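Read through the structure below, which is laid out as structure tokens, and then see the notes.
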Amino acid sequence: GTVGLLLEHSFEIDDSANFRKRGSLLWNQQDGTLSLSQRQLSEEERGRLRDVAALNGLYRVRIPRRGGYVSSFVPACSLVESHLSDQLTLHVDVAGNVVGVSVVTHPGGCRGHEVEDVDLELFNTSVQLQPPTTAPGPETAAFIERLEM
Amino acid sequence: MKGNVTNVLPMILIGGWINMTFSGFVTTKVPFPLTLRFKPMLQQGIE
Amino acid sequence: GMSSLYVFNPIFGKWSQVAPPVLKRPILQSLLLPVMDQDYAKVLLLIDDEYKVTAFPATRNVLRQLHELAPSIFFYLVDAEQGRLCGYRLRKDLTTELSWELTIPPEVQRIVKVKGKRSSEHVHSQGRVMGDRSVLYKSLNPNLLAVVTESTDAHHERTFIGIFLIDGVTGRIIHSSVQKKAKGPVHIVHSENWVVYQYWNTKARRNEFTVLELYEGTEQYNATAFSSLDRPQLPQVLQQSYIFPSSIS
Amino acid sequence: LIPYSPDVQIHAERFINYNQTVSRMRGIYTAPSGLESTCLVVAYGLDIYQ
Amino acid sequence: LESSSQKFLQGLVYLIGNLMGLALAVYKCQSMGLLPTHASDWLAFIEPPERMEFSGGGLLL
Ligand SMILES: *[C@@H]1O[C@H](CO)[C@@H](O[C@@H]2O[C@H](CO)[C@@H](O[C@@H]3O[C@H](CO)[C@@H](O)[C@H](O)[C@@H]3O)[C@H](O)[C@H]2NC(C)=O)[C@H](O)[C@H]1NC(C)=O
Ligand SMILES: *[C@@H]1O[C@H](CO)[C@@H](O[C@@H]2O[C@H](CO)[C@@H](O[C@@H]3O[C@H](CO)[C@@H](O)[C@H](O)[C@@H]3O)[C@H](O)[C@H]2NC(C)=O)[C@H](O)[C@H]1NC(C)=O
Ligand SMILES: *[C@@H]1O[C@H](CO)[C@@H](O[C@@H]2O[C@H](CO)[C@@H](O[C@@H]3O[C@H](CO)[C@@H](O)[C@H](O)[C@@H]3O)[C@H](O)[C@H]2NC(C)=O)[C@H](O)[C@H]1NC(C)=O
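Residue numbers (the working numbering), protein chains in the order written: chain B, 40 to 188; chain U, 41 to 87; chain C, 55 to 303; chain V, 5 to 54; chain H, 93 to 153.
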């Protein structure tokens, strides 16, 4: 049981109406392993990305679910000011249902010094899974023993 | 007893009676910044 | 499916001579803008079905301030039958754009209640003392919504009760908690940083009381300007259970 | 701190409603007053009580 | 106390004694908790930061 998920990214001046294929994500429900495989960006795409960063635009990510459409927006100014570091997280139910995803960047700054062409070559991403957690109940058995003892 | 300049006992008694009469009260604030370890000193009756 | 808006006086009772027309489809949602303009009056804007913003106090300075803020206001709409939690934001002058989207399967879970944070709430202490003398900082979020979902199927054992903690600014679930033997009327109260929600257990006939609290670490962040775009951290969540012999209407 | 114990009893002393009761408790509204420690509580439903 | 050169030095020891007594008093003062020098006491002073980029919504839909 291995299923592929489609991951698209957005890149425009101020609006967002164009979506392109970035890579393939493999997810295996029974094990719980999540793998990413995305292609490298071209020089023109890198230049457009740099131009968008100086325009404090928005980085929308589309992940269709088998239908539903989940989108997540992240500031790219901090992405360009710092090193490329995205963190992806899938949200699932108790069964095979998809809630949504969130993209989070560890630096999360706004200083904005400079970006070098050496920096934006490789994509640094990590995919994680967050299944629902079961809350605890009343621990009365220990209280009864403590009262008895 | 050991009478040694007895002026502290009367003032202590007067302060104790004044504090006993006034249980929960706020008289005035001091402009000086004070630490939180003197709070049991100062309030002594306010929760 | 008509929507109307009235402008009256709470002191005397007579209504004022200012009233805006309403057209298109019925008004969807509205929020109160803290910013004030004209004389000393606040701004109220409403959302229609066509995904457009309509401002009640039409004023040149009102529009100037709104255009100055521009990407500063977000909008989250929640549907029960649709089971779709999608978000929008204002761009430039007046236009709706999708930012964050969430879908929940209606057949499995169903939305019941959604509570948020009160606008008129000020926090005195932003931290707490700990064992020796070391300080502990809290996690206060002015923009955070908690949604409550219940199981559609009702059974003696199979019951699903859970709460989702999402940020209305950026789609991101902070903590998602799930019960296994809870059913019936569920009451949720939101506060400074602690959530109080009650339920009933089918296994043992009783009402369990779960208190959830968010806590940060020992070191603080910027602590000058708060924003949900930044702050890439996950706060600690604490849960406890008690017994309350009542119904809690 | 107090040792943890999952038992909450309804004390009769902590009863705001001494005699006046509300048949159906639809909701309650709390409004902050102006001094420091005073909140106006109004319970609505089948009756009104403040 | 000036009567000879050697006692002029013993006066310095007399001063050193009171200096070490002041050091002991300061040590007890800090051990008690008189001097704040701690994070909680400065948090007793920190003012809450301003909130920016407010949002809102409901469930009317
Ligand atoms: C590509 O991604 C990996 C993993 O996300 C990055 O590895 C991470 O690198 C950061 C700093 O470069 C490490 O942070 C360190 O954290 C420790 C405490 O955990 C702290 O003491 C250090 O001072 C430092 O801040 C982090 O541990 C490490 N691993 C993770 C996040 O799992 C890698 O650096 C990225 N590559 C590039 C070129 O950005
Ligand atoms: C904590 O957050 C505050 C508020 O976001 C940060 O203060 C703000 O920092 C920005 C970026 O340095 C300042 O912008 C500046 O604008 C001028 C033009 O007005 C420009 O010439 C500078 O290069 C810079 O971009 C902004 O003025 C400043 N606001 C205030 C009230 O000081 C602060 O830097 C953050 N601190 C940390 C540690 O993240
Ligand atoms: C709950 O309400 C009932 C009334 O329905 C209370 O019974 C009545 O209580 C009032 C005072 O709250 C009594 O009035 C008293 O009358 C005497 C003269 O008869 C007067 O001297 C007193 O100053 C006072 O005004 C009234 O007699 C009494 N009626 C009966 C039949 O007992 C009841 O006390 C209330 N429950 C409480 C307070 O716990």
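Quick reminder that beta carbons are idealized off the backbone N, C-alpha and C, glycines included.
{"Query": "Chain C within 8 angstroms of residue 130(B), Cβ atoms only", "Result": "yes"}
{"Query": "Cα-Cα separation, residue 87(B) to residue 50(B)", "Result": "8 angstroms"}
{"Query": "Other residues of its chain near residue 41(B): CB distance less than 8 angstroms, five sequence neighbours each side excluded", "Result": "65, 66 and 67"}
{"Query": "Coil, strand or helix - residue 58(U) by DSSP", "Result": "helix"}
{"Query": "Residue 126(H) at chain C interface by Cβ criterion, 8 angstroms", "Result": "no"}
{"Query": "Any heavy atom of ligand 1 within less than 6 angstroms of residue CB: hits in chain order", "Result": "122(B), 124(B), 163(B) and 165(B)"}
{"Query": "Within chain U, partners of residue 136(H) - CB distance below 9 angstroms", "Result": "73, 75 and 76"}
{"Query": "Residue range of the unbroken beta strand (DSSP E) whose run includes residue 119(H)", "Result": "Taken as a continuous stretch (DSSP letters only), residue 119(H) belongs to no beta strand (DSSP E), being part of the alpha helix (DSSP H) at 97–124."}
{"Query": "Rounded distance between the beta-carbons of residue 252(C) and residue 244(C), thought under 8 angstroms", "Result": "Wrong, their Cβ atoms sit about 13 angstroms apart, outside the cutoff."}
{"Query": "Residues near ligand 2, criterion Cβ-heavy atom distance below 5 angstroms", "Result": "276(C), 278(C) and 279(C)"}
{"Query": "7 angstroms Cβ shell around residue 170(B) - same chain, five flanking residues per side excluded", "Result": "131"}
{"Query": "Alpha-carbon to alpha-carbon, residue 178(B) and residue 47(U)", "Result": "59 angstroms"}
{"Query": "Residue from 149(C), 238(C), 296(C) and 95(C) whose Cα sits closest to the Cα of residue 358(C)", "Result": "The question about residue 358(C) has no answer here: the residues shown for chain C are numbered 55 through 303."}
{"Query": "Contact test: residue 247(C) Cβ vs ligand 3 heavy atom, cutoff 7 angstroms", "Result": "no"}
{"Query": "Residue 63(C) in three-state terms, based on DSSP", "Result": "coil"}
{"Query": "Short-range partners of chain C found in the stretch 104–130 of chain H, where Cβ spacing is below 7 angstroms", "Result": "130"}
{"Query": "Beta-carbon contacts of residue 56(C) that lie in its chain and below 7 angstroms, excluding the five residues immediately before and after", "Result": "80"}
{"Query": "Euclidean distance between Cα positions of residue 74(B) and residue 160(B)", "Result": "20 angstroms"}
{"Query": "Neighbour flag for residue 12(V) against chain C, beta carbons, 8 angstroms", "Result": "yes"}
{"Query": "Backbone CA spacing between residue 247(C) and residue 36(V) [nearest angstrom]", "Result": "19 angstroms"}
{"Query": "Segments of 3+ residues assigned as beta strand (DSSP E) that fall wholly inside the stretch 120–152 of chain C", "Result": "128–132 and 138–144"}
{"Query": "Residues in the stretch 147–175 of chain C having any Cβ partner in chain B nearer than 8 angstroms", "Result": "151, 152, 153, 154, 155, 156, 157, 158, 159, 162 and 163"}
{"Query": "Endpoints, the alpha helix (DSSP H) within which residue 183(B) is located", "Result": "179–187"}
{"Query": "Residue 259(C) burial status per 10 Å Cβ neighbour count (16 or more: buried)", "Result": "exposed"}
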